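Okay, structure first, notes after.
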Amino acid sequence: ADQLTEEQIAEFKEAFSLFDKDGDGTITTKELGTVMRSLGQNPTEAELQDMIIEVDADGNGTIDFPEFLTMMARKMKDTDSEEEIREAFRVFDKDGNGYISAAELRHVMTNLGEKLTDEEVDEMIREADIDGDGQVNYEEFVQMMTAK
Ligand SMILES: [Ca+2]
Ligand SMILES: [Ca+2]
Ligand SMILES: [Ca+2]
Ligand SMILES: [Ca+2]
């Protein structure tokens with residue numbers, strides 16, 4: 001993989017402020033726990049502390065913006081649940097070129113009996129189409145699946 005685009009760095013910077021409620025430039029275990037309980041997750045205080053220590057090798061007690069980039073780097077590692085995502089992607093990506101085009105999604109939708117216009121499909125794709133190419137990239141498909 002190459003280095004992150006200036007655009008990705010900007011995306012992760014806004015995602016950093018989404019995690020950092022103070023805007024002070026740091027994420028603490030309290031803020032980790034704030035996001036966790038907003039997701040309905042109830043781990044122990046010790047688990048939340050170790051989740052900080054996993055990246056806070058420097059020992060200053062917080063996850064700063066470069067460490068947030070490291071926190072994302074440890075999610076760019078293959079995981080078990082990714083197999084289902086890869087299968088679902090290949091159900092829509094019928095020619096296997098690494099992109100789901102609106103036409104390919106429409107093929108599945110037409111077979112389901114959905115009676116949308118191309119413009120209605122376009123609106124659906126727009127929520128995932130970050131780069132504006134009219135298709136869903138693999139990274140964008142993760143974003144598409146993280147929403148509803
Ligand atoms: Ca903070
Ligand atoms: Ca640190
Ligand atoms: Ca395709
Ligand atoms: Ca796209």
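Chain identifiers are assigned as A, B, and so on, following the order in which chains appear in the structure tokens; residues are numbered from 1 within each chain, and ligands are numbered from 1 in order of appearance.
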
List all protein, DNA and RNA residues that have any atom at most 10 Å from ligand 4, counting only C-alpha atoms and all ligand atoms, and write the list as a PyMOL selection string. chain A and resi 99-101+125-141

Need to verify the contact set: segment 38-50 of chain A, 12 Å, only C-alpha atoms, exclusion of same-chain residues closer than 3 positions in sequence. Can you return it as a VMD selection string? chain A and resid 19 27 to 35 53 to 57 59 61 to 63

Show me which residues line ligand 1, defined as having an atom within 7 Å of a ligand atom where only C-alpha atoms and all ligand atoms count, and present them as a PyMOL selection string. chain A and resi 20-28+31

I need the residues from that last selection saved to file as a short mmCIF file (atom, residue, chain, number, x, y, z; two decimals), in the first residue's frame (with N, CA, C and O atoms), if you can.
data_model
loop_
_atom_site.label_atom_id
_atom_site.label_comp_id
_atom_site.auth_asym_id
_atom_site.auth_seq_id
_atom_site.Cartn_x
_atom_site.Cartn_y
_atom_site.Cartn_z
N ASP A 20 -12.56 12.85 19.48
CA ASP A 20 -12.09 13.83 20.46
C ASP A 20 -13.15 14.91 20.71
O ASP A 20 -13.21 15.92 20.02
N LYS A 21 -13.95 14.70 21.74
CA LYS A 21 -15.06 15.60 22.05
C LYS A 21 -14.61 16.94 22.63
O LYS A 21 -15.38 17.90 22.68
N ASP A 22 -13.37 17.01 23.10
CA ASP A 22 -12.86 18.24 23.72
C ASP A 22 -12.29 19.16 22.65
O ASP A 22 -12.21 20.37 22.82
N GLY A 23 -11.82 18.56 21.57
CA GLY A 23 -11.12 19.30 20.52
C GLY A 23 -9.73 19.70 20.96
O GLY A 23 -9.14 20.63 20.42
N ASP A 24 -9.21 19.03 21.99
CA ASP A 24 -7.89 19.38 22.56
C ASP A 24 -6.73 18.68 21.86
O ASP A 24 -5.58 18.99 22.12
N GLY A 25 -7.05 17.76 20.96
CA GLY A 25 -6.02 17.07 20.19
C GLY A 25 -5.69 15.69 20.72
O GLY A 25 -4.75 15.05 20.22
N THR A 26 -6.45 15.20 21.70
CA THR A 26 -6.19 13.88 22.30
C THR A 26 -7.45 13.04 22.49
O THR A 26 -8.55 13.57 22.65
N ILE A 27 -7.29 11.72 22.54
CA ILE A 27 -8.37 10.80 22.89
C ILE A 27 -7.91 10.09 24.17
O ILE A 27 -6.81 9.54 24.23
N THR A 28 -8.76 10.10 25.18
CA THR A 28 -8.47 9.47 26.47
C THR A 28 -9.30 8.19 26.60
O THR A 28 -10.23 7.98 25.83
N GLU A 31 -12.91 8.99 26.69
CA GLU A 31 -13.50 9.25 25.38
C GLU A 31 -13.69 7.94 24.62
O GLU A 31 -14.70 7.76 23.94
#

Enumerate residues in contact with ligand 3: an atom-to-atom distance of at most 7 Å, counting only C-alpha atoms and all ligand atoms. Format the result as a PyMOL selection string. chain A and resi 93-101+104

Written selection (N, CA, C and O atoms) as a CSV table (one decimal), in the first residue's frame:
chain,number,residue,atom,x,y,z
A,93,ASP,N,-20.1,-7.3,-7.4
A,93,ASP,CA,-19.1,-7.1,-8.4
A,93,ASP,C,-19.0,-8.4,-9.2
A,93,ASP,O,-18.2,-9.3,-9.0
A,94,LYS,N,-19.9,-8.5,-10.2
A,94,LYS,CA,-20.0,-9.7,-11.0
A,94,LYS,C,-18.9,-10.0,-12.0
A,94,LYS,O,-18.6,-11.1,-12.3
A,95,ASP,N,-18.2,-8.9,-12.5
A,95,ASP,CA,-17.1,-9.1,-13.4
A,95,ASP,C,-15.7,-9.1,-12.6
A,95,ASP,O,-14.7,-9.5,-13.2
A,96,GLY,N,-15.8,-8.8,-11.3
A,96,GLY,CA,-14.6,-9.0,-10.5
A,96,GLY,C,-13.5,-7.9,-10.6
A,96,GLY,O,-12.4,-8.1,-10.3
A,97,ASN,N,-13.9,-6.7,-11.2
A,97,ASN,CA,-12.8,-5.7,-11.4
A,97,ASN,C,-12.5,-4.8,-10.2
A,97,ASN,O,-11.7,-3.8,-10.3
A,98,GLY,N,-13.1,-5.1,-9.0
A,98,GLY,CA,-12.8,-4.3,-7.8
A,98,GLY,C,-13.7,-3.1,-7.6
A,98,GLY,O,-13.5,-2.4,-6.6
A,99,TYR,N,-14.7,-3.0,-8.4
A,99,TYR,CA,-15.7,-1.9,-8.3
A,99,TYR,C,-17.1,-2.4,-8.5
A,99,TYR,O,-17.3,-3.3,-9.4
A,100,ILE,N,-18.0,-1.9,-7.7
A,100,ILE,CA,-19.4,-2.2,-8.0
A,100,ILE,C,-20.0,-1.1,-8.7
A,100,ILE,O,-20.1,0.0,-8.2
A,101,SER,N,-20.3,-1.2,-10.0
A,101,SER,CA,-20.9,-0.1,-10.8
A,101,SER,C,-22.4,0.0,-10.5
A,101,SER,O,-23.0,-1.0,-10.1
A,104,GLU,N,-24.2,-2.7,-12.2
A,104,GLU,CA,-24.1,-4.1,-11.6
A,104,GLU,C,-25.1,-4.2,-10.4
A,104,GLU,O,-25.7,-5.2,-10.2

Running DSSP on the backbone, which parts of chain A land in alpha helix (DSSP H), as a PyMOL selection string? chain A and resi 6-19+29-38+45-53+65-73+82-92+102-112+118-126+138-146

Keeping only C-alpha atoms, write the selected residues as an mmCIF file, in the first residue's frame.
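Listing of again-v3.cif after writing:
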data_model
loop_
_atom_site.group_PDB
_atom_site.id
_atom_site.type_symbol
_atom_site.label_atom_id
_atom_site.label_comp_id
_atom_site.auth_asym_id
_atom_site.auth_seq_id
_atom_site.Cartn_x
_atom_site.Cartn_y
_atom_site.Cartn_z
ATOM 1 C CA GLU A 6 -4.031 14.154 1.524
ATOM 2 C CA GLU A 7 -7.776 13.505 1.240
ATOM 3 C CA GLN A 8 -7.630 10.393 3.459
ATOM 4 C CA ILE A 9 -5.537 12.292 5.969
ATOM 5 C CA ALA A 10 -8.275 14.971 5.997
ATOM 6 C CA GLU A 11 -10.998 12.305 6.446
ATOM 7 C CA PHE A 12 -9.143 10.721 9.363
ATOM 8 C CA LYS A 13 -8.616 14.198 10.824
ATOM 9 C CA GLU A 14 -12.360 14.853 10.980
ATOM 10 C CA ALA A 15 -12.852 11.314 12.278
ATOM 11 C CA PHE A 16 -10.303 12.233 14.972
ATOM 12 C CA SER A 17 -12.417 15.209 16.113
ATOM 13 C CA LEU A 18 -15.473 12.919 16.021
ATOM 14 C CA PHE A 19 -13.658 10.852 18.658
ATOM 15 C CA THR A 29 -9.873 6.165 27.840
ATOM 16 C CA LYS A 30 -12.868 8.250 28.995
ATOM 17 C CA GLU A 31 -13.502 9.249 25.379
ATOM 18 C CA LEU A 32 -12.937 5.641 24.277
ATOM 19 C CA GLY A 33 -15.601 4.629 26.796
ATOM 20 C CA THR A 34 -17.897 7.437 25.614
ATOM 21 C CA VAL A 35 -17.891 6.091 22.043
ATOM 22 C CA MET A 36 -18.116 2.480 23.275
ATOM 23 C CA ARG A 37 -21.244 3.021 25.382
ATOM 24 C CA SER A 38 -22.762 5.038 22.507
ATOM 25 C CA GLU A 45 -12.599 -0.184 32.623
ATOM 26 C CA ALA A 46 -9.445 -2.309 32.449
ATOM 27 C CA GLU A 47 -10.205 -3.401 28.874
ATOM 28 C CA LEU A 48 -10.691 0.235 27.866
ATOM 29 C CA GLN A 49 -7.379 1.068 29.506
ATOM 30 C CA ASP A 50 -5.513 -1.697 27.661
ATOM 31 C CA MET A 51 -7.067 -0.509 24.386
ATOM 32 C CA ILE A 52 -5.250 2.782 25.018
ATOM 33 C CA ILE A 53 -1.994 1.102 26.128
ATOM 34 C CA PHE A 65 -3.673 12.171 15.993
ATOM 35 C CA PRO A 66 -0.680 10.113 14.727
ATOM 36 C CA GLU A 67 -1.717 7.320 17.094
ATOM 37 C CA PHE A 68 -5.231 7.547 15.671
ATOM 38 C CA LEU A 69 -3.636 6.869 12.297
ATOM 39 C CA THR A 70 -1.975 3.837 13.933
ATOM 40 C CA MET A 71 -5.372 2.828 15.350
ATOM 41 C CA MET A 72 -6.703 2.832 11.793
ATOM 42 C CA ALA A 73 -3.573 1.001 10.547
ATOM 43 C CA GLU A 82 -13.921 -9.516 6.450
ATOM 44 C CA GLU A 83 -14.584 -12.794 4.604
ATOM 45 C CA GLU A 84 -18.333 -12.088 4.596
ATOM 46 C CA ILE A 85 -17.701 -8.519 3.394
ATOM 47 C CA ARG A 86 -15.505 -9.877 0.586
ATOM 48 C CA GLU A 87 -18.172 -12.396 -0.405
ATOM 49 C CA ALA A 88 -20.942 -9.758 -0.361
ATOM 50 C CA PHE A 89 -18.756 -7.489 -2.484
ATOM 51 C CA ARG A 90 -18.278 -10.286 -5.045
ATOM 52 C CA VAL A 91 -22.045 -10.898 -5.173
ATOM 53 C CA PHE A 92 -22.442 -7.352 -6.549
ATOM 54 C CA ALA A 102 -24.407 1.280 -10.502
ATOM 55 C CA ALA A 103 -25.276 -0.957 -13.479
ATOM 56 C CA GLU A 104 -24.108 -4.075 -11.584
ATOM 57 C CA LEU A 105 -26.097 -3.109 -8.489
ATOM 58 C CA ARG A 106 -29.098 -2.418 -10.737
ATOM 59 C CA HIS A 107 -28.758 -5.891 -12.232
ATOM 60 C CA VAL A 108 -29.267 -7.409 -8.756
ATOM 61 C CA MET A 109 -32.078 -4.932 -7.986
ATOM 62 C CA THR A 110 -33.857 -5.672 -11.294
ATOM 63 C CA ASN A 111 -33.676 -9.390 -10.473
ATOM 64 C CA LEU A 112 -35.129 -8.652 -7.006
ATOM 65 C CA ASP A 118 -31.554 5.136 -12.509
ATOM 66 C CA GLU A 119 -31.676 8.433 -10.630
ATOM 67 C CA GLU A 120 -33.029 6.674 -7.515
ATOM 68 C CA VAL A 121 -30.165 4.186 -7.781
ATOM 69 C CA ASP A 122 -27.806 7.094 -8.254
ATOM 70 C CA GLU A 123 -29.062 8.638 -4.992
ATOM 71 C CA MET A 124 -28.387 5.332 -3.212
ATOM 72 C CA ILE A 125 -24.869 5.116 -4.663
ATOM 73 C CA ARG A 126 -24.117 8.788 -3.758
ATOM 74 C CA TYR A 138 -13.957 -1.614 -2.088
ATOM 75 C CA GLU A 139 -13.179 0.996 0.621
ATOM 76 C CA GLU A 140 -16.449 2.790 -0.142
ATOM 77 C CA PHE A 141 -18.301 -0.529 0.165
ATOM 78 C CA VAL A 142 -17.089 -0.773 3.757
ATOM 79 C CA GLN A 143 -18.584 2.693 4.296
ATOM 80 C CA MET A 144 -21.785 1.636 2.502
ATOM 81 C CA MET A 145 -22.121 -1.404 4.783
ATOM 82 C CA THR A 146 -21.400 0.651 7.926
#
